[PDB]
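S.K.: I'd like to ask you about the structure that follows.
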Amino acid sequence: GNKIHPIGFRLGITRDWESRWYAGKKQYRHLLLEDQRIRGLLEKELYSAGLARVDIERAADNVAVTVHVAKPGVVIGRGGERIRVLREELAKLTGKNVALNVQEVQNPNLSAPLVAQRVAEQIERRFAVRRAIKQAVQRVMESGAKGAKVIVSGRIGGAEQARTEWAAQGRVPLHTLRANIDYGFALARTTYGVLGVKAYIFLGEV
Amino acid sequence: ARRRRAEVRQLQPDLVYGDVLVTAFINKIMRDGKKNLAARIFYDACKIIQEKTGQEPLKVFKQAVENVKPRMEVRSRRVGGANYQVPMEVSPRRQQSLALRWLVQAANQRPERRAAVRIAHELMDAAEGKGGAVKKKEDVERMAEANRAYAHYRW
Amino acid sequence: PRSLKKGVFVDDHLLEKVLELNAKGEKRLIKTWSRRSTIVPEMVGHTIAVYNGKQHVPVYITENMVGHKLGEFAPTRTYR
Amino acid sequence: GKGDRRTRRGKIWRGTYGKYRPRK
Amino acid sequence: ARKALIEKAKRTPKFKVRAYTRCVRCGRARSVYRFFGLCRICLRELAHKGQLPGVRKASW
Amino acid sequence: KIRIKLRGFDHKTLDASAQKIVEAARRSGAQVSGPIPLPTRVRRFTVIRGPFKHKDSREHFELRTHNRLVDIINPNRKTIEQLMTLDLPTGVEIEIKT
Amino acid sequence: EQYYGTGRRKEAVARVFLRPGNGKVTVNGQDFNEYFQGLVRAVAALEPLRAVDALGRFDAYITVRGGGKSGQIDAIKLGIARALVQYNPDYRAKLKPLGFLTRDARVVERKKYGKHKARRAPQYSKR
RNA sequence: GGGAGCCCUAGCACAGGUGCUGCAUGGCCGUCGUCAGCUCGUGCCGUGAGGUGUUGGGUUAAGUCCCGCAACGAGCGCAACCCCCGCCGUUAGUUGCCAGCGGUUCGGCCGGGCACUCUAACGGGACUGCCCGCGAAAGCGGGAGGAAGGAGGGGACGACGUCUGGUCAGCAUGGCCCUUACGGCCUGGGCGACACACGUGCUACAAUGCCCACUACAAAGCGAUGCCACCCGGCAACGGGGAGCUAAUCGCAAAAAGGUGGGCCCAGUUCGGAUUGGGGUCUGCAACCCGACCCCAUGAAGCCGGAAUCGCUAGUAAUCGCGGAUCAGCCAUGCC
Ligand SMILES: [Mg+2]
Ligand SMILES: [Mg+2]
Ligand SMILES: [Mg+2]
Ligand SMILES: [Mg+2]
Ligand SMILES: [Mg+2]
Ligand SMILES: [Mg+2]
Ligand SMILES: [Mg+2]
Ligand SMILES: [Mg+2]
Ligand SMILES: [Mg+2]
Ligand SMILES: [Mg+2]
Ligand SMILES: [Mg+2]
Ligand SMILES: [Mg+2]
Ligand SMILES: [Mg+2]
Ligand SMILES: [Mg+2]
Ligand SMILES: [Mg+2]
Ligand SMILES: [Mg+2]
Ligand SMILES: [Mg+2]
Ligand SMILES: [Mg+2]
Ligand SMILES: [Mg+2]
Ligand SMILES: [Mg+2]
Ligand SMILES: [Mg+2]
Ligand SMILES: [Mg+2]
Ligand SMILES: [Mg+2]
Ligand SMILES: [Mg+2]
Ligand SMILES: [Mg+2]
Ligand SMILES: [Mg+2]
Ligand SMILES: [Mg+2]
Ligand SMILES: [Mg+2]
Ligand SMILES: [Mg+2]
Ligand SMILES: [Zn+2]
């Protein structure tokens, strides 16, 4: 049972909405759908850049997609011939003229979505889970951070009986709103099932 | 009440006799939150206590409550055997409640059709010593001093 | 206490079929799946086979049962 | 009371209006 | 649900009363809040991911 | 006498851009009728917490639209010229009548 | 010229205006008794004036918005009690211990899910 | 003659499966339990599993704080940070008014002003801070001042774990399985079947009541191929006409118990509205199976319920109406 989404809980304060636009009760439904299509075409094609998040904003018909990736190299390409292809491939699903931006991630080891995303990929490359997690945490703790915590789900190691592996140090104060705890979930499509990687990263206070 | 001894609430005095007992009665007469026509009863009852008796109603209501208050009652007890009906004293707080409750209940047994009347006659009859309320009081105290043998469990 | 306003309803593929067989003789049996259709006076005669989710039925058609709906005569469920 | 269709109380309970609870 | 059973895609449904909803995200046919076009389960997921702008944990 | 009903899903961003619409003057050019409060409309959705059963779970979500009014009396043309490219909020919208 | 207090009670708001006068209270363009016709609790709206000796030494133009008449009674009561203190700050002595200055913050409790009614819990079997 | 595109058979790579497996999984949920608990680092003890800390004495809603001590600290929990309610202020005047004067087609309708109510952003406000008594301290009892006083009221929030708990039919997803049917489309039927039994409810059995008429006070919500003022026809559901409202401005909308008047007079009744016969309305291609509503007639059982058994400690239970979601319509008395 237990434990609400540490994002959706803090959504009020310490964390703001991924897509932040306004729409009436005859539009909201449509903008939302297309907004989703963008995230889908984005999370698939930009995997290599490792996209932490995608901010989307709207106004006088136009749409300001502000992609946050660790390596903006892979979204630019031939000095452009990639950020053009993708601002183009968005122009088809969105008939409304898009504007793709790219945001550097100073510290991939301070964005929970990426940390988790990291762990996920190892588990498919059959890394040792226990270490992966203790390591992943350290890489996050070494990069500043007031605290951090990772969680791998079940079937660690092909093991017939699903388990759960842990690791976490510093403070990770879940019930305090005044927190800022980036959360990130990564899936791990292994040969013998699926695994879930949850990553918590505490930082700052007020 | 596991923690604190739990205090009694202080009902604001009557609007017409400026009394606390009369609010209490009115509250026991009331059902389903309809306090307006519970008072609309007790007072209608009060007009009737005069146009059937030279006495002032407050003095009579008070007079009859006293005749229904039980000095003794039993409450059961589980021992190293079974149920023993231990004769207890009855606190002045509990005599209040018991009297009033008994008065309304007795009143609503009556065959008179208007509510005010039933209250009226019960309130009267009880002052003058008789009436169903008093009977389930002279009764109650009769079970005490009958289980007198079990007085030695005074709690 | 039912419902046919200023419309009245009879599913028409069955109707153009029965009125057609009122230019001459009465076709023994008509295979319908539309129990939906009210009975018109022009149906009094030819035995219609109302379906059932399982079987067309020999519903002979008296004049004593005009205003009624077809499916009122082909019981659906089976009981004891 | 609330069960009888042809009354005040009853028509109020079942959303409706009619002969027994005029709309106005 | 059944991928086949998105003949909700059937733009003409023959009669407008065969028109139904379905979650535009998961296919769910049974709690599809029409404002969002999403089913109840998808709504809570998207709400928590903060991809429903303006939508928030509500308490009073 | 121009009419401007402002509304969005966030109110930190409203009152900080309705304020930026009252940049004609504080009260020295056209009258200015102050940023008008004007009640917010709250839609609510109530979702059963898990998939499959557990009726008694439930979790509340709301989406609230906040609405402002402002309204300026006697529109000098330079006051209007300022209604051009002078904005920053993205989640704020703008009805205009006269 | 007059004297004023607000006084709210459980989703109801009175506004109390105190004129010097004969004791005529009017509530919402209507007589005081025409408005609380046959509600025994009514007389208790004027329990401040009764207990500072003012029952007939003031007229009172009172506007009342919201809720239900019995809360409007309690809210007028607070309204009066407040006006009568900004008319003579000394009145508190024979007014505060009675309680008339306090505002009754007792308000309807929210409906909780999985309950029937905030606290009324659904009935269960087999245990 | 050869060919880009979309249409085309007859083959192949594949689709598709709400078929199996929570007895392989993720995710999300339930549950003990919003219970006050679960641990960790380092030291110390013990051959060792382990222990100490976290035991003791006070105290708290609380491993809450205090005092003590081979322990000194720390993390997840508690509390606080967020929200709604209660008092007050500043900003703000196409909602609000015998506040104050002018006009009245006696409606805040008009001029007119925002004081007040409100609306909704930002702030103040509480701290055992002040006094008296017990206390080694934490705190306890009481008393002032205050709208509120020791957690002011209600939310959101659920620890390490437990249940090999629920869910592969929401969604993923390993494996196994079917592949002119375990896929796909129709039309009709079913999910609504009735000798029976249980759960959760609704409506009752009436006089603190029921009926009719008049009249008074809400909050929260929803409204465009929508809410429907008002007018006309109909006993009525509703049909015809039609105003306003992208709604603090128009509408749903009547709040209902309440209050005043009248009727019923202890009766299975002017209690109760089940059943059934008839005549209609509206929604939908379509209401037989199986819609809701209106009207006429019918007027069942039920006189407060065995053994047993549920909820609730305050604006609570009890009681009264109102709204939304889903949704053409509606079986809603359910739920929020
Ligand atoms: Mg044909
Ligand atoms: Mg009746
Ligand atoms: Mg599928
Ligand atoms: Mg449908
Ligand atoms: Mg819960
Ligand atoms: Mg209530
Ligand atoms: Mg070609
Ligand atoms: Mg396959
Ligand atoms: Mg599971
Ligand atoms: Mg607790
Ligand atoms: Mg030893
Ligand atoms: Mg050793
Ligand atoms: Mg110990
Ligand atoms: Mg101790
Ligand atoms: Mg602690
Ligand atoms: Mg807490
Ligand atoms: Mg104020
Ligand atoms: Mg005048
Ligand atoms: Mg002290
Ligand atoms: Mg099972
Ligand atoms: Mg069923
Ligand atoms: Mg059962
Ligand atoms: Mg008419
Ligand atoms: Mg009468
Ligand atoms: Mg009973
Ligand atoms: Mg309790
Ligand atoms: Mg009831
Ligand atoms: Mg509906
Ligand atoms: Mg309802
Ligand atoms: Zn869905």
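Lettering and numbering for the structure tokens are positional, with chains as A, B, ... in the shown order, residues counted from 1 in each chain, and ligands counted from 1 in the shown order.
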Using only C-alpha atoms (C1' of nucleotides) and all ligand atoms, find each residue with an atom at most 9 Å away from ligand 1 and format the answer as a PDB file with N, CA, C and O atoms, in the first residue's frame.
M.R.:
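Listing of result.pdb after writing:
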```
ATOM      1  N   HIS C  13     -37.357  -3.795 -42.622  1.00  0.00           N
ATOM      2  CA  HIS C  13     -36.976  -4.869 -43.532  1.00  0.00           C
ATOM      3  C   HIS C  13     -37.969  -6.030 -43.445  1.00  0.00           C
ATOM      4  O   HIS C  13     -38.271  -6.678 -44.442  1.00  0.00           O
ATOM      5  N   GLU C  16     -41.511  -4.495 -45.270  1.00  0.00           N
ATOM      6  CA  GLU C  16     -41.536  -4.528 -46.730  1.00  0.00           C
ATOM      7  C   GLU C  16     -41.665  -5.965 -47.219  1.00  0.00           C
ATOM      8  O   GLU C  16     -42.099  -6.216 -48.340  1.00  0.00           O
ATOM      9  N   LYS C  17     -41.289  -6.900 -46.354  1.00  0.00           N
ATOM     10  CA  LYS C  17     -41.336  -8.322 -46.655  1.00  0.00           C
ATOM     11  C   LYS C  17     -42.742  -8.893 -46.488  1.00  0.00           C
ATOM     12  O   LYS C  17     -43.190  -9.691 -47.311  1.00  0.00           O
TER      13      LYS C  17
END
```
S.K.: Using only C-alpha atoms (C1' of nucleotides), find each residue of chain H with at least one atom at most 9 Å away from an atom of chain B; report its shortest atom-to-atom pair and that distance in Å (one decimal), sort the rows by chain and rising residue number, and return the result as a tab-separated table.
M.R.:
```
residue	atom	partner	partner_atom	distance
H:207	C1'	B:113	CA	6.3
H:208	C1'	B:115	CA	6.7
H:257	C1'	B:34	CA	8.7
H:258	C1'	B:36	CA	8.4
H:266	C1'	B:113	CA	8.8
H:318	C1'	B:32	CA	4.9
H:319	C1'	B:32	CA	4.4
```
S.K.: Show me which residues are within 12 Å of ligand 18 counting only C-alpha atoms (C1' of nucleotides) and all ligand atoms, and format the list as a list in words.
M.R.: residues 98, 100, 101, 102, 103, 104, 106, 110 and 111 of chain H
S.K.: Generate the output file for the selected residues, N, CA, C and O atoms (P, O5', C5', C4', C3', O3' and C1' of nucleotides), as a PDB file, in the first residue's frame.
M.R.:
```pdb
ATOM      1  P     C H  98     -27.177  49.418   4.968  1.00  0.00           P
ATOM      2  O5'   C H  98     -28.118  50.691   5.122  1.00  0.00           O
ATOM      3  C5'   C H  98     -29.496  50.647   4.734  1.00  0.00           C
ATOM      4  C4'   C H  98     -30.208  51.948   5.051  1.00  0.00           C
ATOM      5  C3'   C H  98     -30.385  52.268   6.544  1.00  0.00           C
ATOM      6  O3'   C H  98     -30.205  53.673   6.738  1.00  0.00           O
ATOM      7  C1'   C H  98     -32.453  52.429   5.472  1.00  0.00           C
ATOM      8  P     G H 100     -25.573  56.187   9.058  1.00  0.00           P
ATOM      9  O5'   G H 100     -26.569  56.649   7.907  1.00  0.00           O
ATOM     10  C5'   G H 100     -27.085  57.969   7.912  1.00  0.00           C
ATOM     11  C4'   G H 100     -26.354  58.840   6.931  1.00  0.00           C
ATOM     12  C3'   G H 100     -27.121  59.188   5.677  1.00  0.00           C
ATOM     13  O3'   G H 100     -28.114  60.164   5.870  1.00  0.00           O
ATOM     14  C1'   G H 100     -24.977  58.497   5.067  1.00  0.00           C
ATOM     15  P     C H 101     -29.645  59.750   5.630  1.00  0.00           P
ATOM     16  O5'   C H 101     -30.168  60.853   4.600  1.00  0.00           O
ATOM     17  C5'   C H 101     -29.879  62.232   4.799  1.00  0.00           C
ATOM     18  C4'   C H 101     -29.234  62.872   3.589  1.00  0.00           C
ATOM     19  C3'   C H 101     -29.996  62.790   2.280  1.00  0.00           C
ATOM     20  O3'   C H 101     -31.098  63.673   2.211  1.00  0.00           O
ATOM     21  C1'   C H 101     -27.693  62.388   1.889  1.00  0.00           C
ATOM     22  P     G H 102     -32.381  63.260   1.337  1.00  0.00           P
ATOM     23  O5'   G H 102     -31.864  63.346  -0.175  1.00  0.00           O
ATOM     24  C5'   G H 102     -31.727  64.594  -0.849  1.00  0.00           C
ATOM     25  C4'   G H 102     -31.712  64.416  -2.351  1.00  0.00           C
ATOM     26  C3'   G H 102     -32.808  63.529  -2.927  1.00  0.00           C
ATOM     27  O3'   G H 102     -34.046  64.201  -3.099  1.00  0.00           O
ATOM     28  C1'   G H 102     -30.726  62.860  -3.811  1.00  0.00           C
ATOM     29  P     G H 103     -35.438  63.446  -2.809  1.00  0.00           P
ATOM     30  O5'   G H 103     -35.729  62.650  -4.152  1.00  0.00           O
ATOM     31  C5'   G H 103     -35.746  63.322  -5.401  1.00  0.00           C
ATOM     32  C4'   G H 103     -35.626  62.351  -6.542  1.00  0.00           C
ATOM     33  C3'   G H 103     -36.637  61.215  -6.554  1.00  0.00           C
ATOM     34  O3'   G H 103     -37.920  61.585  -7.030  1.00  0.00           O
ATOM     35  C1'   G H 103     -34.497  60.321  -6.890  1.00  0.00           C
ATOM     36  P     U H 104     -39.239  61.099  -6.247  1.00  0.00           P
ATOM     37  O5'   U H 104     -39.363  59.552  -6.609  1.00  0.00           O
ATOM     38  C5'   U H 104     -39.407  59.119  -7.963  1.00  0.00           C
ATOM     39  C4'   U H 104     -39.218  57.624  -8.082  1.00  0.00           C
ATOM     40  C3'   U H 104     -40.347  56.754  -7.544  1.00  0.00           C
ATOM     41  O3'   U H 104     -41.399  56.614  -8.491  1.00  0.00           O
ATOM     42  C1'   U H 104     -38.224  55.895  -6.848  1.00  0.00           C
ATOM     43  P     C H 106     -42.481  50.531  -7.813  1.00  0.00           P
ATOM     44  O5'   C H 106     -41.755  49.315  -7.074  1.00  0.00           O
ATOM     45  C5'   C H 106     -41.993  49.024  -5.702  1.00  0.00           C
ATOM     46  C4'   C H 106     -40.946  49.652  -4.814  1.00  0.00           C
ATOM     47  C3'   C H 106     -40.786  49.050  -3.427  1.00  0.00           C
ATOM     48  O3'   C H 106     -39.919  47.929  -3.430  1.00  0.00           O
ATOM     49  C1'   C H 106     -40.883  51.422  -3.277  1.00  0.00           C
ATOM     50  P     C H 110     -29.473  50.027 -11.355  1.00  0.00           P
ATOM     51  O5'   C H 110     -30.029  51.516 -11.275  1.00  0.00           O
ATOM     52  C5'   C H 110     -30.490  52.187 -12.437  1.00  0.00           C
ATOM     53  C4'   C H 110     -30.430  53.676 -12.242  1.00  0.00           C
ATOM     54  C3'   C H 110     -29.144  54.185 -11.617  1.00  0.00           C
ATOM     55  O3'   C H 110     -28.112  54.342 -12.569  1.00  0.00           O
ATOM     56  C1'   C H 110     -31.004  55.163 -10.522  1.00  0.00           C
ATOM     57  P     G H 111     -26.581  54.267 -12.105  1.00  0.00           P
ATOM     58  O5'   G H 111     -26.318  55.694 -11.446  1.00  0.00           O
ATOM     59  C5'   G H 111     -26.389  56.869 -12.235  1.00  0.00           C
ATOM     60  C4'   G H 111     -26.433  58.118 -11.392  1.00  0.00           C
ATOM     61  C3'   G H 111     -25.219  58.400 -10.524  1.00  0.00           C
ATOM     62  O3'   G H 111     -24.131  58.947 -11.252  1.00  0.00           O
ATOM     63  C1'   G H 111     -27.187  58.764  -9.270  1.00  0.00           C
TER      64        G H 111
END
```
S.K.: Check the DSSP output for the backbone and give back, as a PDB file with C-alpha atoms, in the first residue's frame, the residues of chain E in helix (DSSP H, G or I).
M.R.:
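Heads up, here's the output in out-v3.pdb:
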```
ATOM      1  CA  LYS E   3      -6.248  -3.794 -29.325  1.00  0.00           C
ATOM      2  CA  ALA E   4      -8.946  -4.915 -31.752  1.00  0.00           C
ATOM      3  CA  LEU E   5     -11.652  -3.386 -29.561  1.00  0.00           C
ATOM      4  CA  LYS E  16     -24.311   7.989 -32.278  1.00  0.00           C
ATOM      5  CA  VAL E  17     -25.424   5.801 -29.341  1.00  0.00           C
ATOM      6  CA  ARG E  18     -22.737   3.206 -29.957  1.00  0.00           C
ATOM      7  CA  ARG E  40      -9.196   6.959 -13.236  1.00  0.00           C
ATOM      8  CA  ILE E  41      -5.959   5.022 -13.024  1.00  0.00           C
ATOM      9  CA  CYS E  42      -4.111   7.020 -15.642  1.00  0.00           C
ATOM     10  CA  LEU E  43      -5.345  10.268 -14.110  1.00  0.00           C
ATOM     11  CA  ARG E  44      -3.713   9.517 -10.757  1.00  0.00           C
ATOM     12  CA  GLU E  45      -0.477   8.528 -12.476  1.00  0.00           C
ATOM     13  CA  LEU E  46      -0.311  11.645 -14.604  1.00  0.00           C
ATOM     14  CA  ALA E  47      -1.434  13.828 -11.684  1.00  0.00           C
ATOM     15  CA  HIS E  48       1.488  12.517  -9.634  1.00  0.00           C
ATOM     16  CA  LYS E  49       3.966  12.999 -12.465  1.00  0.00           C
TER      17      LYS E  49
END
```
S.K.: List all protein, DNA and RNA residues that have an atom no more than 10 Å from any atom of ligand 2, counting only C-alpha atoms (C1' of nucleotides) and all ligand atoms, and report them as a PDB file with N, CA, C and O atoms (P, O5', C5', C4', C3', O3' and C1' of nucleotides), in the first residue's frame.
M.R.:
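Full text of selection-v6.pdb as output:
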```pdb
ATOM      1  N   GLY D   1     -44.027   7.896   3.376  1.00  0.00           N
ATOM      2  CA  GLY D   1     -44.071   9.249   2.865  1.00  0.00           C
ATOM      3  C   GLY D   1     -43.208   9.364   1.637  1.00  0.00           C
ATOM      4  O   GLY D   1     -43.722   9.421   0.522  1.00  0.00           O
ATOM      5  N   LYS D   2     -41.893   9.362   1.834  1.00  0.00           N
ATOM      6  CA  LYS D   2     -40.967   9.571   0.728  1.00  0.00           C
ATOM      7  C   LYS D   2     -41.135   8.553  -0.402  1.00  0.00           C
ATOM      8  O   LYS D   2     -40.612   8.749  -1.496  1.00  0.00           O
ATOM      9  N   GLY D   3     -41.869   7.478  -0.146  1.00  0.00           N
ATOM     10  CA  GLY D   3     -42.045   6.436  -1.138  1.00  0.00           C
ATOM     11  C   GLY D   3     -43.196   6.662  -2.094  1.00  0.00           C
ATOM     12  O   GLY D   3     -43.136   6.238  -3.255  1.00  0.00           O
ATOM     13  N   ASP D   4     -44.243   7.330  -1.615  1.00  0.00           N
ATOM     14  CA  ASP D   4     -45.419   7.607  -2.437  1.00  0.00           C
ATOM     15  C   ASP D   4     -45.127   8.661  -3.491  1.00  0.00           C
ATOM     16  O   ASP D   4     -44.729   9.777  -3.178  1.00  0.00           O
ATOM     17  N   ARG D   5     -45.335   8.287  -4.745  1.00  0.00           N
ATOM     18  CA  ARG D   5     -45.065   9.174  -5.862  1.00  0.00           C
ATOM     19  C   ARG D   5     -46.002  10.380  -5.864  1.00  0.00           C
ATOM     20  O   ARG D   5     -45.599  11.469  -6.248  1.00  0.00           O
ATOM     21  N   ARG D   6     -47.246  10.196  -5.428  1.00  0.00           N
ATOM     22  CA  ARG D   6     -48.230  11.275  -5.509  1.00  0.00           C
ATOM     23  C   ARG D   6     -48.414  12.072  -4.218  1.00  0.00           C
ATOM     24  O   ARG D   6     -49.493  12.089  -3.630  1.00  0.00           O
ATOM     25  N   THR D   7     -47.343  12.746  -3.807  1.00  0.00           N
ATOM     26  CA  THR D   7     -47.302  13.566  -2.595  1.00  0.00           C
ATOM     27  C   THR D   7     -46.275  14.701  -2.770  1.00  0.00           C
ATOM     28  O   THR D   7     -45.512  14.714  -3.738  1.00  0.00           O
ATOM     29  N   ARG D   8     -46.250  15.654  -1.844  1.00  0.00           N
ATOM     30  CA  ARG D   8     -45.164  16.626  -1.817  1.00  0.00           C
ATOM     31  C   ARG D   8     -43.858  15.875  -1.552  1.00  0.00           C
ATOM     32  O   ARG D   8     -43.028  15.749  -2.453  1.00  0.00           O
ATOM     33  N   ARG D   9     -43.718  15.344  -0.332  1.00  0.00           N
ATOM     34  CA  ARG D   9     -42.492  14.705   0.137  1.00  0.00           C
ATOM     35  C   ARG D   9     -41.942  13.771  -0.916  1.00  0.00           C
ATOM     36  O   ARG D   9     -40.745  13.755  -1.188  1.00  0.00           O
ATOM     37  N   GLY D  10     -42.843  13.011  -1.524  1.00  0.00           N
ATOM     38  CA  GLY D  10     -42.465  11.937  -2.419  1.00  0.00           C
ATOM     39  C   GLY D  10     -41.894  12.412  -3.735  1.00  0.00           C
ATOM     40  O   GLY D  10     -40.993  11.784  -4.295  1.00  0.00           O
TER      41      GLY D  10
ATOM     42  P     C H 210     -44.259  13.454   9.263  1.00  0.00           P
ATOM     43  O5'   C H 210     -45.594  13.180   8.459  1.00  0.00           O
ATOM     44  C5'   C H 210     -45.778  11.948   7.794  1.00  0.00           C
ATOM     45  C4'   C H 210     -47.150  11.853   7.182  1.00  0.00           C
ATOM     46  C3'   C H 210     -47.542  12.982   6.258  1.00  0.00           C
ATOM     47  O3'   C H 210     -46.997  12.855   4.967  1.00  0.00           O
ATOM     48  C1'   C H 210     -49.303  12.560   7.749  1.00  0.00           C
ATOM     49  P     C H 211     -46.721  14.180   4.117  1.00  0.00           P
ATOM     50  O5'   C H 211     -48.173  14.704   3.720  1.00  0.00           O
ATOM     51  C5'   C H 211     -49.026  13.930   2.881  1.00  0.00           C
ATOM     52  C4'   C H 211     -50.398  14.554   2.699  1.00  0.00           C
ATOM     53  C3'   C H 211     -50.429  15.971   2.156  1.00  0.00           C
ATOM     54  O3'   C H 211     -50.314  16.001   0.751  1.00  0.00           O
ATOM     55  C1'   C H 211     -51.854  15.824   4.018  1.00  0.00           C
ATOM     56  P     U H 270     -58.925   7.204   6.304  1.00  0.00           P
ATOM     57  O5'   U H 270     -57.618   8.006   5.876  1.00  0.00           O
ATOM     58  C5'   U H 270     -57.133   7.936   4.538  1.00  0.00           C
ATOM     59  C4'   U H 270     -55.941   8.839   4.289  1.00  0.00           C
ATOM     60  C3'   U H 270     -54.916   8.936   5.419  1.00  0.00           C
ATOM     61  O3'   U H 270     -53.635   9.269   4.844  1.00  0.00           O
ATOM     62  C1'   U H 270     -55.841  11.052   5.047  1.00  0.00           C
ATOM     63  P     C H 271     -52.598   8.147   4.307  1.00  0.00           P
ATOM     64  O5'   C H 271     -51.942   7.579   5.630  1.00  0.00           O
ATOM     65  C5'   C H 271     -51.514   8.452   6.658  1.00  0.00           C
ATOM     66  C4'   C H 271     -50.558   7.764   7.592  1.00  0.00           C
ATOM     67  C3'   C H 271     -49.376   7.097   6.920  1.00  0.00           C
ATOM     68  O3'   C H 271     -48.336   8.017   6.636  1.00  0.00           O
ATOM     69  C1'   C H 271     -50.340   5.608   8.489  1.00  0.00           C
ATOM     70  P     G H 272     -47.477   7.922   5.282  1.00  0.00           P
ATOM     71  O5'   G H 272     -47.230   6.370   5.062  1.00  0.00           O
ATOM     72  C5'   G H 272     -46.142   5.718   5.702  1.00  0.00           C
ATOM     73  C4'   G H 272     -45.897   4.333   5.151  1.00  0.00           C
ATOM     74  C3'   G H 272     -45.936   4.170   3.638  1.00  0.00           C
ATOM     75  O3'   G H 272     -44.706   4.545   3.040  1.00  0.00           O
ATOM     76  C1'   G H 272     -47.188   2.447   4.650  1.00  0.00           C
ATOM     77  P     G H 273     -44.641   5.306   1.628  1.00  0.00           P
ATOM     78  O5'   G H 273     -44.949   4.181   0.566  1.00  0.00           O
ATOM     79  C5'   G H 273     -43.999   3.159   0.346  1.00  0.00           C
ATOM     80  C4'   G H 273     -44.377   2.389  -0.872  1.00  0.00           C
ATOM     81  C3'   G H 273     -44.324   3.229  -2.142  1.00  0.00           C
ATOM     82  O3'   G H 273     -43.600   2.627  -3.256  1.00  0.00           O
ATOM     83  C1'   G H 273     -46.590   2.586  -1.623  1.00  0.00           C
TER      84        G H 273
END
```
S.K.: Near region 64-80 of chain C, within 9 Å and counting only C-alpha atoms (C1' of nucleotides), which residues show up once chain neighbours fewer than 4 positions away are dropped, as a PyMOL selection string?
M.R.: (chain C and resi 10+34-41+43-44+48-54+56-59) or (chain H and resi 189-190+193-194+288-289)
S.K.: Check every protein, DNA and RNA residue against ligand 26, keep those with an atom at most 10 Å away (counting only C-alpha atoms (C1' of nucleotides) and all ligand atoms), and present them as a ChimeraX atom specification.
M.R.: /G:119 /H:312-313,316
S.K.: Take the residues that were just selected and, keeping N, CA and C atoms (P, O5', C5', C4', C3', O3' and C1' of nucleotides), output them as a PDB file, in the first residue's frame.
M.R.:
```pdb
ATOM      1  N   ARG G 119     -18.129  10.821  10.268  1.00  0.00           N
ATOM      2  CA  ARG G 119     -17.825   9.878  11.338  1.00  0.00           C
ATOM      3  C   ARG G 119     -18.688   8.630  11.295  1.00  0.00           C
TER       4      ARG G 119
ATOM      5  P     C H 312     -17.509   4.425  14.662  1.00  0.00           P
ATOM      6  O5'   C H 312     -18.099   5.671  15.457  1.00  0.00           O
ATOM      7  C5'   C H 312     -18.516   6.831  14.755  1.00  0.00           C
ATOM      8  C4'   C H 312     -19.426   7.676  15.592  1.00  0.00           C
ATOM      9  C3'   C H 312     -18.855   8.095  16.926  1.00  0.00           C
ATOM     10  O3'   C H 312     -17.998   9.200  16.796  1.00  0.00           O
ATOM     11  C1'   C H 312     -21.062   7.297  17.225  1.00  0.00           C
ATOM     12  P     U H 313     -16.755   9.375  17.780  1.00  0.00           P
ATOM     13  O5'   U H 313     -17.420   9.909  19.108  1.00  0.00           O
ATOM     14  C5'   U H 313     -18.051  11.171  19.128  1.00  0.00           C
ATOM     15  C4'   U H 313     -17.761  11.882  20.416  1.00  0.00           C
ATOM     16  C3'   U H 313     -16.270  12.039  20.786  1.00  0.00           C
ATOM     17  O3'   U H 313     -16.019  13.326  21.346  1.00  0.00           O
ATOM     18  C1'   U H 313     -17.467  11.126  22.579  1.00  0.00           C
ATOM     19  P     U H 316     -20.963  17.701  13.199  1.00  0.00           P
ATOM     20  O5'   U H 316     -20.365  16.693  14.250  1.00  0.00           O
ATOM     21  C5'   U H 316     -19.343  15.785  13.891  1.00  0.00           C
ATOM     22  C4'   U H 316     -19.418  14.578  14.777  1.00  0.00           C
ATOM     23  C3'   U H 316     -20.664  13.743  14.571  1.00  0.00           C
ATOM     24  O3'   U H 316     -20.450  12.745  13.601  1.00  0.00           O
ATOM     25  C1'   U H 316     -20.448  14.291  16.856  1.00  0.00           C
TER      26        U H 316
END
```
S.K.: If the limit is 10 Å from any atom of ligand 3, counting only C-alpha atoms (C1' of nucleotides) and all ligand atoms, which residues qualify? Return them as a list in words.
M.R.: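 Written in the requested form, the residues are residues 1, 2, 3, 4, 26 and 27 of chain E; 16, 17, 18, 169, 170, 171 and 172 of chain H.
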S.K.: Could you pull out the residues sitting within 12 Å of ligand 11, using only C-alpha atoms (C1' of nucleotides) and all ligand atoms, and write them as a PyMOL selection string?
M.R.: chain H and resi 45-51
